[PDB]
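**Q** Sending over a structure as structure tokens; questions will come in a sec.
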Amino acid sequence: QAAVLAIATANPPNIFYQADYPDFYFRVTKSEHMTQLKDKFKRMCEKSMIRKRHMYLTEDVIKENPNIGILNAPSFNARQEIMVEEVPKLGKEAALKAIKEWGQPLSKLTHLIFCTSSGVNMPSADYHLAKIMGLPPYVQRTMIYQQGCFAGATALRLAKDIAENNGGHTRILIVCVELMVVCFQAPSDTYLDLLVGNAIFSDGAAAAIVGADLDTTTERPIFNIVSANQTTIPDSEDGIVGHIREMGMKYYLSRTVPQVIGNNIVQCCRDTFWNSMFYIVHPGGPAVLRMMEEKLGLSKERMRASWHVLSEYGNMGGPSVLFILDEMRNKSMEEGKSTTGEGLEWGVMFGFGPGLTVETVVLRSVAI
Amino acid sequence: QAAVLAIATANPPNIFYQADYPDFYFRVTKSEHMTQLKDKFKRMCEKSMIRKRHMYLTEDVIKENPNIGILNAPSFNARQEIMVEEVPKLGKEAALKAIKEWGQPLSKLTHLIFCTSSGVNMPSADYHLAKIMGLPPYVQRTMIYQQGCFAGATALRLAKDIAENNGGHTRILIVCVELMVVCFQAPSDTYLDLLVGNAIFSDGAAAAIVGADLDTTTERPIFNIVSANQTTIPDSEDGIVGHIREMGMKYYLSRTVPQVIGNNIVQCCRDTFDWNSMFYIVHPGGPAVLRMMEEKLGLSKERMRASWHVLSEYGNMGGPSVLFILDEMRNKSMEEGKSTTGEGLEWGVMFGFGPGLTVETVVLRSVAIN
Ligand SMILES: CC(C)(COP(=O)(O)OP(=O)(O)OC[C@H]1O[C@@H](n2cnc3c(N)ncnc32)[C@H](O)[C@@H]1OP(=O)(O)O)[C@@H](O)C(=O)NCCC(=O)NCCS
Ligand SMILES: CC(C)(COP(=O)(O)OP(=O)(O)OC[C@H]1O[C@@H](n2cnc3c(N)ncnc32)[C@H](O)[C@@H]1OP(=O)(O)O)[C@@H](O)C(=O)NCCC(=O)NCCS
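Chains as they are written, first to last, in my numbering: chain A, 1 to 368; chain B, 1001 to 1370.
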């Protein structure tokens, strides 16, 4: 059975505290005159439950690429040149720490699964990561582009079958990275979905190692991947929409996504399995996390890891479910819990994104 | 063990005969005064070993989207809107014929793998296919974007482990589509990679069904997927390069790619496996790759027949091309009274390749027919 053997994360060094973003955003986009809009955007940042976000896109980067800060202006080439370089670099930072934890040589990896929705190139970010890390030429790459916030979960789904069907030697590095360079947009009166995305999206990278049939002398599972299944919510394609354009990516976030996602993953939870199991839910917004608490009647401690990653990092998209998994098993160990899943045995991870698409991973903890 | 249970293909109705393409291409781009450049382009087309290509991008579509035919003009938005709609539509045409040949209900599928380097969107082409085909919501989707001409083989590699690890009723639809709307560019005398790609790149869709441990009464494999491995060619990053830009995709094609590829897959054959006693499916990158296979392995001329055929009748369609060849090989083997689906031979190999340079090697096993 496939297991997660290591986790590690990385973030761009610059921190943006949510308190100061509504002024920073409207200032660098020369938009201070949209005061009524800014008041609305201040209202979104405060309700976001996000304390701080790490971002590559600093005021300097915008000055260097001034069209990114100018709505509808062509900025795709500029965004593209940044992301094609920087996405694999941030992925290398996290992958190195994850391989340090695994404690095995690079030449032991057989596969690489790279996921991002921040830039596209041929050869793609999976290749570039393998170059700058000097991976052997026998490492088999799978590139997951533009799958949004369920990419981290979908990587595990793919990794389970690769790891289990090829046997003991198969070892998979998974790397998910996002830079909101891809979709930063200046605020506008008619396009009210920016204010949502610009309040929540942030940058980060997470890496993980997956294998089955372990060398019990060197390798130790953190979690076991029991099952992994994707489902699609009918007639909801208008929920999350990403249009990649000459102005960069135009995202569109429907008001109904949190209730639609919330009702559906709460259903997946029942169909698949409530304070006796551990939970990793992609921090799409605070309302999805509350609905899990309200409809399953969870203690405040059940969603703690997911609220924590949201608060300290915001909505990093793809890699976010791995941040939460790392955060869960870390505090489990520091607090001396019974298991990597906060002392519990069974758990569930949910990724979700455009479609609407839900990726459900059934996990099992490891005794600590 | 995973097996290919059905294969089918589709292409745009408009046919562009290579003999006429230099005139067409320089006329619709209003570049016919670049007479020396056009002569060079004629020589490329005349050596392409491509007889005809099917293409979505007609003179009318250029007229409707004039920036596509103006070099460096902003046309990404125009290209995107075409491909986001037209890529799943053309994939649908192939997929339905593949399901028809399979003989099982569309609802019996469990997985969909969609591959294209022609447009990006969220939700992606895999979702849009599922929508317009009415695939049930339990069909689990994987989207392979921007992986170039090895995506068809990479889909078989991932589908092998999905079918065999889950097995049972697991059934994977693979759909690979390219439209050269993505990378069509007007000619320039400083940018001679464009002349190469404009002489060879074409449109098509292919669909295949994959499953392990199927029912003999209803389902019969065409090929068994014995193994599949991806390898990378070191220090070859600049061979095949695709820069997605506001002007569309700018590709760059090193002149040595066919030799690097040809020498690499000849070596892969030897490490992996009478070379005339196995069958071959080689991505039609150009004529030099196939001749290198024949030369360095001492192949009779029947061995690359199917790959030459697809190159001739369809050009370089990218990702789906190996499935076109696999289908052609299987069909003619049946029609011409051969003993197995691989031209009467037992073992075979499929090579896809693309940016990296990356090589996807799929070891195949024919099934007895006739
Ligand atoms: C931004 C957010 C935190 C605001 O908190 P909230 O729970 O909506 O609380 P409120 O209803 O009081 O705030 C909504 C305000 O922002 C606007 N707004 C919120 N969501 C919006 C959306 N999808 N589209 C357009 N406007 C939106 C509303 O128009 C409203 O404006 P108002 O102050 O004039 O009334 C919340 O909307 C959110 O988290 N959205 C993200 C949804 C999500 O998880 N998507 C998944 C992507 S991975
Ligand atoms: C275009 C092609 C059909 C003709 O090449 P050929 O059969 O080897 O014969 P030639 O070398 O005489 O080519 C004729 C012209 O094309 C030019 N040319 C060939 N490859 C070129 C390249 N990468 N870049 C720029 N020019 C090139 C030559 O300079 C020559 O110009 P000239 O006639 O004025 O001297 C052949 O180059 C080809 O198929 N290349 C494919 C590359 C490839 O497979 N890429 C993989 C993507 S899947």
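Heads up, the beta-carbon is just placed ideally off N, CA and C, and yes, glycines get one too.
(1) In angstroms, rounded to a whole number, what distance separates the CA positions of A/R43 and A/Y21?
(2) Sort out for me which residues DSSP pairs B/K1250 with in a bridge.
(3) Any idea what DSSP makes of A/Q259, helix, strand or coil?
(4) What's the gap between the Cα of B/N1229 and the Cα of A/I62?
(5) Ignore the nearest five residues each way along the sequence and tell me which others in A/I368's own chain have a CB closer than 7 Å to its CB.
(6) Answer yes or no: the CB of B/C1176 versus the heavy atoms of ligand 2, is any distance below 8 Å?
(7) Does the beta carbon of A/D203 fall short of 8 Å from some heavy atom of ligand 1?
(8) Have a look at the DSSP bridge pairing and note the partners of A/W346.
(9) Just checking: is the beta-carbon of A/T339 within a distance shorter than 9 Å of some beta-carbon in chain B?
(10) In three-state terms, what does DSSP make of B/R1141?
(11) Could you say which of A/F150, A/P123, A/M55 lies nearest to A/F350 if we only look at CA atoms?
(12) Enumerate in chain order the residues of its own chain whose CB-to-CB distance from A/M316 is below 6 Å, with the five nearest sequence positions on each side excluded.
(13) Report the CB separation of B/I1225 from B/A1003 in whole angstroms; it is logged as a contact under 8 Å.
(14) Under 9 Å Cβ-Cβ, which residues of chain B neighbour A/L158?
(15) Check whether the Cβ of B/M1034 sits closer than 8 Å to any heavy atom of ligand 2, and report yes or no.
(16) Who are the near neighbours of B/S1118 in its chain, counting only those whose CB is closer than 6 Å to its CB and skipping five residues on each side?
(17) Give me the Cα-Cα distance between A/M247 and B/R1079, rounded to the nearest whole angstrom.
(18) Kindly list, in the order they appear in chain A, the residues whose Cβ is closer than 8 Å to that of B/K1131.
(19) Report yes or no: do three or more beta-carbon pairs, one from the region 102-120 of chain A and one from the region 128-137 of chain A, lie closer than 8 Å?
(20) Does any CB atom of chain B fall closer than 9 Å to the CB of A/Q146?
(21) Note the first and the last residue of the continuous beta strand (DSSP E) segment covering B/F1114.
(22) Does the separation of the CB atoms of A/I222 and A/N264 fall below 9 Å?
(23) Just reading off the beta strand (DSSP E) that A/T232 is part of, what are its end residues?
(24) Can you find the residues in the same chain that come closer than 7 Å, C-beta to C-beta, to B/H1054, ignoring five residues on each side of it along the sequence?
(25) Along the chain, which unbroken stretches of the alpha helix (DSSP H) at least 4 residues long are found entirely within the region 1043-1076 of chain B?
(26) Within a Cβ cutoff of 6 Å, which residues of the same chain sit near A/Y252, ignoring the five residues on either side of it in sequence?
(27) Listing by chain order, which chain A residues have their CB less than 8 Å from the CB of B/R1245?
(28) In the region 1219-1232 of chain B, which residues sit with their C-beta less than 7 Å from some C-beta in chain A, listed in chain order?
(29) Tell me the rounded alpha-carbon separation between A/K30 and B/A1073.
(30) Using the C-alpha atoms, what's the distance from A/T231 back to A/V321?
(31) Can you give me the C-alpha to C-alpha distance between B/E1032 and B/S1048, rounded to a whole angstrom?
(32) Would you check if the region 290-304 of chain A and the region 256-276 of chain A touch, i.e. whether three or more CB-CB distances between them fall below 8 Å?
(33) I think B/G1239 touches B/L1357, with their Cβ atoms under 8 Å apart; what is that distance to the nearest whole Å?
(34) Tell me which same chain residues have a C-beta within less than 6 Å of the C-beta of B/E1164, skipping the five on either side of it?
(35) Taking 8 Å as the line, does the beta carbon of B/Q1267 fall inside it for any heavy atom of ligand 3?
**A** Walking through what the data contain:
(1) As a working note, residue 43 of chain A is residue 43 in the first sequence. As a working note, residue 21 of chain A is residue 21 in the first sequence. Going by the C-alpha atoms only, they are around 12 Å apart.
(2) In the second sequence, residue 1250 of chain B corresponds to position 250, counting from 1. In DSSP, B/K1250 forms a bridge with B/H1243.
(3) Numbered from its first residue, the first sequence carries residue 259 of chain A at position 259. In this structure, A/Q259 counts as helix in the three-state DSSP scheme.
(4) As a working mapping, residue 1229 of chain B is identified with position 229 in the second sequence. As a working mapping, residue 62 of chain A is identified with position 62 in the first sequence. Their backbone Cα atoms lie some 43 Å apart in a straight line.
(5) Numbered from 1 along the first sequence, position 368 holds the residue referred to as residue 368 of chain A. These residues qualify, in order along the chain: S332, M333, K337, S338, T339, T340.
(6) Taking the second sequence and counting its residues from 1, the one referred to as residue 1176 of chain B is at position 176. No.
(7) Start at 1 with the first residue of the first sequence, and residue 203 of chain A comes out as number 203. No; taking the cut-off as 8 Å, the Cβ of A/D203 has no heavy atom of ligand 1 nearer than that.
(8) Translated into the one-based positions of the first sequence, residue 346 of chain A becomes position 346. According to DSSP, which records beta bridges pairwise, A/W346 is partnered with A/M277, A/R364.
(9) The residue given as residue 339 of chain A occupies position 339 in the first sequence. No, because no Cβ of chain B sits closer than 9 Å to the Cβ of A/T339.
(10) Here residue 1141 of chain B refers to the residue found at position 141 when the second sequence is read from its first residue. Three-state result, B/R1141: strand.
(11) Here residue 350 of chain A refers to the residue found at position 350 when the first sequence is read from its first residue. Minimum Cα distance to A/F350 is reached at A/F150.
(12) The sequence position of residue 316 of chain A within the first sequence is 316, counting from 1. Same-chain partners within the cutoff: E178, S202, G204.
(13) By one-based count along the second sequence, residue 1225 of chain B stands at place 225. By one-based count along the second sequence, residue 1003 of chain B stands at place 3. Confirmed, Cβ separation roughly 7 Å.
(14) As a working mapping, residue 158 of chain A is identified with position 158 in the first sequence. Per Cβ cutoff of 9 Å: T1142, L1158, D1161, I1162.
(15) Against the second sequence, residue 1034 of chain B aligns to sequence position 34. Answer for B/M1034: no, Cβ out of range of ligand 2.
(16) What you label residue 1118 of chain B is simply residue 118 of the second sequence in a count that begins at 1. Hits under 6 Å: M1083, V1087, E1178, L1179, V1182.
(17) Taking the first residue of the first sequence as position 1, residue 247 of chain A is located at position 247. Taking the first residue of the second sequence as position 1, residue 1079 of chain B is located at position 79. Between A/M247 and B/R1079, the C-alpha separation is close to 14 Å.
(18) Along the second sequence, one-based indexing puts residue 1131 of chain B at 131. Near B/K1131 (Cβ distances below 8 Å), the residues of chain A are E237.
(19) yes
(20) By one-based count along the first sequence, residue 146 of chain A stands at place 146. For A/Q146, the answer is yes, since a Cβ of chain B falls inside 9 Å of its Cβ.
(21) One-based indexing of the second sequence puts residue 1114 of chain B at position 114. Taken as a continuous stretch (DSSP letters only), the beta strand (DSSP E) holding B/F1114 covers 1111-1116.
(22) The sequence position of residue 222 of chain A within the first sequence is 222, counting from 1. The sequence position of residue 264 of chain A within the first sequence is 264, counting from 1. Against a cut-off of 9 Å, the Cβ pair of A/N264 and A/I222 comes out as no contact.
(23) The residue labelled residue 232 of chain A in the question sits at position 232 within the first sequence. A/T232 -> beta strand (DSSP E) spans 223-232.
(24) One-based indexing of the second sequence puts residue 1054 of chain B at position 54. Cβ neighbours of B/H1054 beyond the five flanking positions: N1011, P1012, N1014, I1015, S1202, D1203, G1204, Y1314.
(25) 1059-1064
(26) For the purposes of this step, residue 252 of chain A is taken as the residue at position 252 of the first sequence. So the list reads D193, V241, once near-sequence residues are dropped.
(27) In the second sequence, counting from the first residue as 1, residue 1245 of chain B sits at position 245. Going along chain A in sequence order, the residues near B/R1245 (Cβ under 8 Å) are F76, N77, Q80.
(28) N1229, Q1230, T1231, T1232
(29) As a working note, residue 30 of chain A is residue 30 in the first sequence. As a working note, residue 1073 of chain B is residue 73 in the second sequence. Taking the straight line joining both Cα atoms gives about 28 Å.
(30) Translated into the one-based positions of the first sequence, residue 321 of chain A becomes position 321. Translated into the one-based positions of the first sequence, residue 231 of chain A becomes position 231. About 17 Å.
(31) On the second sequence, position 32 is the one that residue 1032 of chain B refers to. On the second sequence, position 48 is the one that residue 1048 of chain B refers to. B/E1032 and B/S1048: Cα-Cα distance of roughly 21 Å.
(32) yes
(33) As a first step, residue 1239 of chain B must be located in the second sequence, where it is residue number 239. As a first step, residue 1357 of chain B must be located in the second sequence, where it is residue number 357. Yes, B/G1239 and B/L1357 are in contact; Cβ-Cβ is about 5 Å, under 8 Å.
(34) Within the second sequence, numbered from 1, the residue matching residue 1164 of chain B stands at position 164. Within the same chain, B/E1164 has close Cβ partners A1002, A1212.
(35) The model depicted lacks ligand 3 and carries ligand 1 and ligand 2 instead.
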